[PDB]
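# Report on the structure
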There are 6 protein chains.
Amino acid sequence: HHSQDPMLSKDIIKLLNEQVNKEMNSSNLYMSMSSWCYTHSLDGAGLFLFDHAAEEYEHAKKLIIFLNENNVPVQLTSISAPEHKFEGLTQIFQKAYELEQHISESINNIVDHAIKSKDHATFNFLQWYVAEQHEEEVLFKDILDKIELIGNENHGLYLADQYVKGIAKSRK
Amino acid sequence: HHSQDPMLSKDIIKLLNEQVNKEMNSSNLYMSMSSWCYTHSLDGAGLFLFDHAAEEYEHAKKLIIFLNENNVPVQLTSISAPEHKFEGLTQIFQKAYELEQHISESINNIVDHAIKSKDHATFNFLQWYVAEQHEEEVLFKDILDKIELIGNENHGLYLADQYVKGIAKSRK
Amino acid sequence: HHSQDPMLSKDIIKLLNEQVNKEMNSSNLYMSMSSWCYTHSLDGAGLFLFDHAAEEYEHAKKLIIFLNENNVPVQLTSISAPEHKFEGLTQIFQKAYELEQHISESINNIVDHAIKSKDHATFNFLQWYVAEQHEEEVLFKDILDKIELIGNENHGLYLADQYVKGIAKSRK
Amino acid sequence: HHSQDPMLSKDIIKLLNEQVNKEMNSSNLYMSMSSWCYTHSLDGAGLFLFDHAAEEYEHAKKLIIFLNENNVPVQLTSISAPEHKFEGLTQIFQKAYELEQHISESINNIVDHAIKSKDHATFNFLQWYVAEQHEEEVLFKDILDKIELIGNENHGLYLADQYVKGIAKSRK
Amino acid sequence: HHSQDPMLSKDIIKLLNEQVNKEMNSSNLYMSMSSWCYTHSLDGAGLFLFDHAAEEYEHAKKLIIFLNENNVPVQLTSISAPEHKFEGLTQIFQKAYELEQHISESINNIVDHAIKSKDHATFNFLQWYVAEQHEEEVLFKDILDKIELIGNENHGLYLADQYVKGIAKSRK
Amino acid sequence: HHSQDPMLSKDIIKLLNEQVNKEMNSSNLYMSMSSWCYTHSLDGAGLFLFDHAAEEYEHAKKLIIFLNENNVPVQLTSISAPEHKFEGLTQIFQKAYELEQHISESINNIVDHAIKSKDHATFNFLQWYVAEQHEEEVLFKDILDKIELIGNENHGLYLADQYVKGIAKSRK
Ligand SMILES: [Fe+3]
Ligand SMILES: [Fe+3]
Ligand SMILES: [Fe+3]
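Residues numbered from 1 in each chain as written, not as in the entry; some residues may be left out. Chains lettered and ligands numbered in written order. Part of a larger assembly, values for the part shown. Heavy atoms only, no water.

In its metadata, the entry names X-ray crystallography as the structure determination method and reports 2.0000 Å as the resolution.

Quick look at the structure:
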């Protein structure tokens, strides 16, 4: 039996497949960061990072669904082993913010390419992912600002972790 | 600051971390199988395997949560790129059933090691996973039985797919 | 008394008027394909196609609305008689799939042209149309995939027409 | 496979098909009339005529449904480009009123022919259409009467348009 | 303490801050136009323009919120004293329509610069403003059309004002 | 057509017009203060100051409405560019408190003048603005006291910002 060919172009397909893989690699990094937090008495950040990892996995799932609906093969490659050694809460969120910047940029690249290809079906699809990612990027900026404002004198780590715990619970 | 040590023993920790990575590998193989289905007109199987893949990741997450609560560092390894090429619906489900059999034995091995090293907190936490995994294994057996009963003469494939679609929709 | 000039530019105006006429054309072609179906015992496909025709005409209306609100005169041209002879269920849905592909492209062209001329009012207006059209194009791909999976052995036509009836009942 | 032959007679079939084409032609004429009004600061009449154009299209769909149900092929022919230049509001509604009288007459002719041929299934079907068309004819007569009562010295045009706008909102 | 850098580029920041100040200038011109209306017995126009001025300030606030969330300093300049003298209702609405045209182009220019520098978070945030501004521009076109249709012979002004009053009350 | 003259005296008119302008200049200063906060990791104060700016703009709007109702021309002059450089959270609220004192005094001056002119309509109108302003002045005193009580050792800025954030949210 004959199945219709992929409804997207080759280049867009490769970009989307790679984006799936990035979100999965993010999801695992955030779980590793979360574990670091949980095993260094920072369960606030641990919870926050664990839930954020599931958001990133949710993005991968949504990209997959869009691939499936366009009859495009999802070609999953490996998910890299995440970094597991960290210096502290601040460094974790500094790395997290940098990652979220990289992810926003990776989406921009696909969106841009959609515009050049005049693939507006894909452009239109992504816009929801653009908006969501922007809010995530802003969130990590805010958390990082806050961790840095509090500092790590005496009870500062505890205060930071309680602040993040509040965000985790708010965003449920 | 001092954070308490891991509350489980070295050997249990190794088995549990192995199982997390194993569930993640399975999850991605199911995603790949799902995509094959979606790109060969079998959207019922497609959906079924997509939802099943998501549920295997949920198992990995549940193990991670248990690890975190016990102050055990999660050790996420690289997740293997799944097989992308399959011969047809029957062979996907034979390979899936065989995988679920292996996952059931993996879990049995951890539970056995818990009994033997007298870790009943772990024994007890795992029971819920034993029961859920057993239902998943039976389900794959039943799907395979049905695929084999229908055959692929004439519109056997369509019928098999619609049947699988019904299962997927009833489980949501 | 003086009425404000058209709020869109000449090129955009022409492309939008041409799209109005094309949607009217496509509506009539789907009506004709629907009638073929109904007069050859395929009332599932006849309903589906009738309701789709109605929806093409709704797209026409929405374009007209946008033209009116911008003080742009609507220039309806002749609608040519649609094709009325067809070879069968598969060939109708093959043709309709190709028409949907062509419509998706005709819209991508308008959108590109909006971007190009910085008419973002019109870009923003079209995005709902891009989204809807994508879902229609996807739907015809899925219906054509299912018809080809089922085939026209024995009661294949019946099964395929009943599947399409299911779709039609579901979309209402 | 054998599909049952048309349930209606040749003559009725031709008259119903030519009525479908007339209603589609009317719909487009009404759209063109609406556009003239919207582009000459007469949005009351613009709305009114657009909505009336949609209703004429619904009449065409209902005739098509009847044909499909009787296993009669629908034969859509060319729909001619409507007139797009008009002299003013009064002329538009004079021309519309004349068209509605012609529409009423063409329906009367089909009903007469059903009686002659003792097609009472058709006669019975047409009754709802006779009733609705008479309501539409009266409506156009009433709007024309009001347009002629108001005049176009001096803010006559505005008052007429506001009155028509009131009707459009009331009927929807 | 270190606070993260502005998340947007220099050129976008300049365009956005320019737009904030531009919306504030417009807002005050609308307030001034409103007052002229209120002091020349045109309280319908008065209300309409007051509410519209308040809504332009809301646009400035929405831009500011976006700037704040991106860690971009808001640069508020002096806001120009508006024109206080006008010739009449028609000339107020001609000048208002011309302003809305300019505001629509200003926004188009920012959106275009976002596409070009691949800032889609900004592109995406702005779309909502494009759509709202388009509706505002159409509204001013429609009001001007109506003012021009009614004229100012006899109680044309009263009628125009009452019409505008109706619009203002329906939009609250 | 003849419009009634202003129902207020010249001196009161000039005072009220100036008060409109002061509240607008306040609104923009508070937004500048708010931006400073938001770009120095103080989003609590940023939110609080942003919302307070909208309260000040609301006062300007209410003064405007009273002018309009008395047939008094609103003669808007420029809104000065606000200060944008600040040393810290304490200095911001020290400047804010001083401003609120100046604003309370400016209202007293108009109220006083109303008493001397025996303009009791205006005296009565303002009393609501007197009460509101007094509560605002007390608020800034309280916030300033609190910021000064907390200090800016280690985590003091964070604690102050969280305290203010609590007020912002309370007052919504
Ligand atoms: Fe399983
Ligand atoms: Fe009148
Ligand atoms: Fe505007």
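### A short note on the coordination of the iron ion (ligand 3)
What counts, and what does not: Here the coordinating atoms are restricted to nitrogen, oxygen and sulfur within 2.8 Å of the metal centre, or 3.2 Å for Na, K and Ca, and because water is not among them the sites may look incomplete. Under this scheme a four-donor centre is tetrahedral when all angles range from 85 to 135 degrees, a four-donor centre is square planar and a six-donor centre octahedral when opposite donors are above 155 degrees with the rest from 65 to 115, and any other centre is irregular.
Those donors, E:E56 (OE), E:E100 (OE), E:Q133 (OE1) and E:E136 (OE), are the protein atoms that reach the iron ion (ligand 3), and they lie 2.3 to 2.5 Å from it. One can describe the donor arrangement at the iron ion (ligand 3) as irregular, given that its 4 donor atoms subtend angles of 80 to 158 degrees at the metal.

### Concerning the relation of the copies chain C and chain E
Selection rule: Copies share a common frame after least-squares superposition on their C-alpha atoms.
Rotating chain C by 120 degrees and translating it 0.1 Å along the rotation axis places it on chain E, where the RMSD comes to 0.2 Å. Seen this way, the second copy is the image of the first under a three-fold rotation axis. Across chain C, the rotation axis passes nearest the C-alpha of C:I115, at a separation of 5.1 Å.

### Re the interface of chain C and chain E
Formally: Contacts: residue pairs with any heavy atoms within 4.5 Å of one another. A 1.4 Å probe defines the accessible area here, and the buried area is the portion of it lost by two parts on being joined, summed over both. Here a salt bridge means any side-chain nitrogen of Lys or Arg lying within 4 Å of a carboxyl oxygen belonging to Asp or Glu.
Contact with chain C, which involves 16 residues of that partner, is made by 20 residues of chain E. Summed over both sides, the interface of chain C with chain E buries roughly 1600 Å², with 56% coming from carbon and sulfur. A per-residue breakdown of the area chain C buries against chain E is headed by C:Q4, C:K118 and C:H120, which together make up 37% of the total. Applying the counting rule to chain C against chain E returns 1 salt bridge. The salt bridge partner of C:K118 is E:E105, with a shortest N-O separation of 3.3 Å.

### Some points on the interface of chain B and chain A
A common measure of how large an interface is: the accessible area buried when the components associate. Basically, it comes down to this: The definition of a polar contact used here is a pair of N or O atoms within 3.5 Å, where within protein one atom must be able to donate a hydrogen and the other to accept one, and adjacent residues in sequence count solely through side-chain atom pairs. Numbering of helices and strands starts at the N terminus; helices are DSSP runs of H or I of at least 4 residues and strands are runs of E of at least 2. Three categories are distinguished: nonpolar for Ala, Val, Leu, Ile, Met, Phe, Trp, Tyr, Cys and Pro, charged for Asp, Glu, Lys and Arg, and polar for the others, with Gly belonging to the last.
Listed as interface residues are 35 residues of chain B and, on the opposing side, 33 residues of chain A. Counting each side, the surface lost to burial between chain B and chain A is near 2800 Å², with a carbon and sulfur contribution of 60%. Summed over the shared surface of chain B and chain A, the result is 0 salt bridges. One can count 12 residue pairs in polar contact joining chain B with chain A. Looking at the side of chain B that touches chain A element by element, the count peaks at 9 residues for helix α1 (residues 10-39) of chain B. A breakdown of the residues in the side of chain B that touches chain A according to their chemical character gives 17 nonpolar, 17 polar and 1 charged.

### Side note on the packing of helix α2 (residues 43-69) of chain E against helix α1 (residues 10-38) of chain F
If you want to describe how two helices pack, look at the angle between their axes and the distance between the axes. Keep this limit in mind: The angle between two axes is taken between their N-to-C directions and runs from 0 to 180 degrees, where each axis is a line fitted to C-alpha atoms and a helix contributes only its stretch in contact. Throughout this description, any angle smaller than 35 degrees is read as roughly parallel, any larger than 145 degrees as roughly antiparallel, any in the 65 to 115 degree range as roughly perpendicular, and the remainder as oblique. Two helices crossing with the near one rotated counterclockwise from the far one by less than a right angle form a left-handed crossing, whereas a clockwise rotation gives a right-handed crossing.
Taken N-terminus to C-terminus, the directions of α2(E) and α1(F) make an angle of 15 degrees; their axes are 10 Å apart at the nearest point. Between α2(E) and α1(F), the angle is such that the two are roughly parallel. Crossing geometry of α2(E) relative to α1(F) is assigned as right-handed. Residues E:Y57, E:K61, E:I64 and E:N68 of α2(E) lie in contact with α1(F), whose contacting residues are F:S27, F:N28, F:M31, F:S34, F:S35 and F:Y38. Of the residues in the contact of α2(E) with α1(F), the class split is 4 nonpolar, 5 polar and 1 charged.

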